[PDB]
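1. Test case, fold it:
(chains A, B and C)
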Amino acid sequence: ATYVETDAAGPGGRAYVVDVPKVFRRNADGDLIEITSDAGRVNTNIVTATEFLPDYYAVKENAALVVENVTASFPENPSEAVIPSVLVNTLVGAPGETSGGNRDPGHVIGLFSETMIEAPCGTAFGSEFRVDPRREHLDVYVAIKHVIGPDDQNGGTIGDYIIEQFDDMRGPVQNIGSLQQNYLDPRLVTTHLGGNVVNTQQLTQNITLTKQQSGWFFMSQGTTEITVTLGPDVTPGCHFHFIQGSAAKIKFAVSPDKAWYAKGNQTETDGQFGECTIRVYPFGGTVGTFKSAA
Amino acid sequence: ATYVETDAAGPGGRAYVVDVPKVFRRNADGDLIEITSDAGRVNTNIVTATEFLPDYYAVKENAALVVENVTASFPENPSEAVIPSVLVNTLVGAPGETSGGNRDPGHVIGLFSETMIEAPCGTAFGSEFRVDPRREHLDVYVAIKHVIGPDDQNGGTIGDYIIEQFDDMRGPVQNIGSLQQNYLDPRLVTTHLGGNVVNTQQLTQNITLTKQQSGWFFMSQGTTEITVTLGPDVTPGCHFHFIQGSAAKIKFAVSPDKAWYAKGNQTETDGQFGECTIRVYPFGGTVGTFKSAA
Amino acid sequence: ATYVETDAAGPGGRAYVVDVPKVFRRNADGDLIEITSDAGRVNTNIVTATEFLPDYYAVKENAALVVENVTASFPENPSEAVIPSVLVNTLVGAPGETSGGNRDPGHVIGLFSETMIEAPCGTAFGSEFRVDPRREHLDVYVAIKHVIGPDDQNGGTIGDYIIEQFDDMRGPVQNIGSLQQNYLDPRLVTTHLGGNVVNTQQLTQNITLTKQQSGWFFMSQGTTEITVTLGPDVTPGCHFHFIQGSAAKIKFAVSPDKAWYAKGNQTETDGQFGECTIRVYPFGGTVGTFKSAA
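-> Residues are numbered from 1 along each chain as shown, chains lettered A, B, ... in the order given. Okay, here it is:
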């Protein structure tokens, strides 16, 4: 780190020529930040309790970190450049280097959002996506977009890909009152071009159907009769399928608020290999479509 | 000053360190210009975008906040820790105290994303999840991965959990053209294990089927003749189901751009409980499977 | 350069000042790179990860950016105010001005996540949402929402509002091992009121069924018989729908691992307008519900 006379600063310029690729790390209130082109790292904030002010300025003044990006092109030349607001670039391994990596026990996270709740709270939001078309027309908006780079530039191989992955914690977690997934606006259309898989189970004891049992396949296996009771929590719209693979018969019952509706008033399957489709319609309309054993 | 083996510049080290959080540089005029930077909790950027350039180095030149996190390890000792590029924590209630909380009117949000529109905009992205396997092999990729704390370490309870909620805004918004959820790659293998609910409708008058009503279960009610007309918008591949629960007949009509197809050119139902399943197919092939009344 | 005491770094502050307008760094190749400050926060970090420590305090040490929000409120008067943690406000055009814009080739991204791979890796997460109810009870939690400003506040229009978009990259991308979307907790209940669209195709030669083809509709065209073989990859819980669209019969074959199962061991459709519903059940039970040609 000296002042030298070099041509890189001009025909006869002078410069400070610190001679290490990892130039000044700088010391913040405890940590070496990075090259002297960065800012503070750890941010904390405490908000003051107030009333409901559903305004953008109000939530801005309550926010802990505010990032805003404004683009202003000319009317003659509306630009076509990609303008992200927040760019999080997770990188593993230095470019041009074949050193190290991360193993299975650990994992790298592009963005970790953790909810820390220990006080009585009404609702908590993990994310939110709002669009405000104040003045103009937007041709198309997408909340979540998935892009994978073409193989002509990326020679790597991805063994497995998951769009969305949800584990099971029936043992470790019991305090969840109810977990669901709601789409209250039927305007959307699901253009699912792939396959699908549904749950299946074999019945041997009498069961009470709820909203979770919507749509699986039931196998009546055993010798004693198996009774299925449609609980009051079952909502119109779901459907269940039953097929008998054994000699045991299948009995059906409904909640008092549901009135049985069937062709011929049949309350059980006719025989083995007989199909039974149970469908629920508004104001408690239970319809059981039966198929002959033969 | 001085050069140190900090180990914060990789496994090797050998970086240059300055022991104060602010450094400066004297320009030609004689006044100091800061080399470093430190912004508060509010950040603002204005960009005069040039022509389209899909280069990551060019892309980061327009972002208002760029975050990188590089993981480096020895080739013989790959890392096994967890490396989140960005960590955001939403804490309610000071630890060691249960005082206070948030009711229904106020909702704590881990991450807020929103947009204002004031100029003609082509398209807008609420998020984007890219991946570039530039050189090496990656085993598993996950876009969104939901985690619930185990109850052995969590004495509290969660009454309701929603992995995704989309409300209905029939009244408040009417400027939206279409609502879509596209999966343009049939190579996707969706795996489900929960339940499903299908919207159900009771038909009583003339109806022109569109994209929104696809996949539903329709009920024939009343005595007057009910006609279902398939408009041009109905793309191939959609499926519809109809059940005649009364004596009202059901007629089927197709747009002139496609030809109706059924069993024996039967363009109507046969009677009560005569179910018709309509499946559209390319080249204008609209097939209808008709079920006998008895 | 020497540390000095100046007011330019705050009232009664100290700094590290270089007395030359140009400061240079020697990179790994010996070239000189000028050190300069751009616009926007460039928060960056490099981590030499230790062993696996799955603790919040431990993991927070490896984050390039940490945001902490504590909404402590009084016990007798809990708050009812919306309090986000990270607020992102991307907008186009200043309020009150219609000048300029951004056409379709360009776009704005609310949060541009990224992931570059240069070294072998085990697991990568695009994002992660976690809830930790240590002490108290939470009423409702929703991971991700979708809120659109009501028209009484927004005067513009939206063309398309895509909840989730996934394009097709068969050409550019062929190094992907597989594409999946797994839900391995059966307790989940979904309420999809919108339309559902699946993939349909017409057979022309002998084919082998895969997981991607589950839940599709097929028709046989021509005169030569077409053989459909269930591949070894087929697992229990799938379903396939087949209809003979022409005079050519469709023969059914099963891999040695799976066992064929049908009413009367009917391995092919009798004639045109026949129906088959092939469902795979535990222990390799490939059971096919059959409907005759008529």
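2. Show me where the stretch 1-150 of chain A has its helices.
-> Applying DSSP state H, counting those that start in this stretch to the stretch 1-150 of chain A gives helices spanning A:56-62.
3. now the strands for it?
-> Secondary structure of the stretch 1-150 of chain A (DSSP state E, counting those that start in this stretch): strands located at A:3-5, A:14-18, A:42-46, A:65-71, A:83-84, A:86-92, A:108-109, A:112-117, A:121-125, A:129-133, A:137-148.
4. Go through those and name the closest to residue C:11.
-> Closest approach to residue C:11 among the strands of the stretch 1-150 of chain A (CB to CB): strand A:42-46, 23.1 Å. Heads up, the C-betas are built off the backbone N, CA and C, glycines and all.
5. ok, the closest one near chain C or not?
-> Yes. Looking at strand A:42-46 against chain C by CB under 8 Å from any CB of the partner chain, the contacts come from A:42-46.
6. Name the strands paired with that strand and say parallel or antiparallel.
-> Strand A:42-46 sits in its sheet next to strand C:66-70 (parallel), going by DSSP bridges.
7. Could you chop chain A up by domain?
-> What automatic domain parsing lists as the domains of chain A is A:1-67, A:200-290.
8. just to revisit the earlier point, can you redo the strands of the stretch 1-150 of chain A as a markdown table with distance to residue B:187 and mean neighbour count?
-> Listed next are the strands of the stretch 1-150 of chain A as a markdown table, based on distance: least, CB to CB, whole Å; neighbours: other CB atoms under 10 Å in any protein chain shown:
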| stretch | distance to residue B:187 | mean neighbour count |
| --- | --- | --- |
| strand A:3-5 | 59 | 12 |
| strand A:14-18 | 51 | 19 |
| strand A:42-46 | 41 | 15 |
| strand A:65-71 | 35 | 22 |
| strand A:83-84 | 28 | 25 |
| strand A:86-92 | 25 | 25 |
| strand A:108-109 | 25 | 25 |
| strand A:112-117 | 29 | 24 |
| strand A:121-125 | 33 | 23 |
| strand A:129-133 | 27 | 23 |
| strand A:137-148 | 11 | 21 |
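9. List just the nearest of the residues of strand A:42-46 next to chain C to residue B:139.
-> Taking CB to CB as the measure, residue B:139 lies nearest residue A:42 of these, at 31.9 Å.
10. Run through the bridge partners of that closest one.
-> Beta-bridge pairing for residue A:42 (DSSP bridges): residue C:66.
11. picking that back up, residue C:61: which of the domains of chain A is closest?
-> domain A:1-67 (9.6 Å).
12. How far off centre is the closest one?
-> Domain A:1-67 sits 33 Å away from the centroid of its parent chain (CA atoms, centre = their mean, to the nearest Å).
13. Next, the distance between the ends of that domain.
-> End-to-end distance for domain A:1-67: 36 Å, by CA to CA, to the nearest Å.
14. and what of stretch A:255-270?
-> So stretch A:255-270: terminal residues 22 Å apart, CA to CA.
15. Including distance to residue A:116, could the domains of chain A go into JSON lines?
-> JSON lines is the format used below for these (distance: least, CB to CB, whole Å):
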{"stretch": "domain A:1-67", "distance to residue A:116": "13"}
{"stretch": "domain A:200-290", "distance to residue A:116": "29"}
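16. wait, which of those domains is closest to residue B:86?
-> Residue B:86 sits nearest to domain A:1-67 of all those, at 10.4 Å, using CB to CB.
17. Let me have the strands of the stretch 1-150 of chain A in CSV, adding distance to residue C:10 as columns.
-> Formatted as CSV, the strands of the stretch 1-150 of chain A follow (distance: least, CB to CB, whole Å):
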stretch, distance to residue C:10
strand A:3-5, 27
strand A:14-18, 24
strand A:42-46, 19
strand A:65-71, 22
strand A:83-84, 33
strand A:86-92, 29
strand A:108-109, 36
strand A:112-117, 33
strand A:121-125, 38
strand A:129-133, 38
strand A:137-148, 43
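18. Quick check: chain neighbours aside, which residue is closest to residue A:149?
-> Counting by CB to CB, 6 or more residues apart in numbering or on different chains, the nearest residue to residue A:149 once its immediate chain neighbours are dropped is residue B:132, at 4.3 Å.
19. again but with residue A:72, I slipped
-> Excluding its sequence neighbours, the residue lying closest to residue A:72 (CB to CB, 6+ apart) is residue C:100, at 5.5 Å.
20. who's in contact with the residue nearest to residue A:149?
-> By CB atoms under 8 Å, 6 or more residues apart in numbering or on different chains, the contact set of residue B:132 is A:149, A:153-154, C:114-117.
21. Residue A:256 too?
-> By CB under 8 Å, 6+ apart, residue A:256 lies in contact with residue A:232.
22. and if you look at the one 5 residues further on?
-> Residues in contact with residue A:261, defined by CB under 8 Å, 6+ apart, are A:285-288.
23. for these, which one is nearest residue A:233?
-> Distances from residue A:233 to the contacts of residue A:261, taken by CB to CB, are shortest for residue A:286, at 13.9 Å.
24. Is the helix or strand that contains the closest one in proximity to chain C?
-> Element membership for residue A:286, per DSSP states H and E: strand A:285-290. No. Strand A:285-290 lies out of reach of chain C by CB under 8 Å from any CB, never closer than 12.8 Å.
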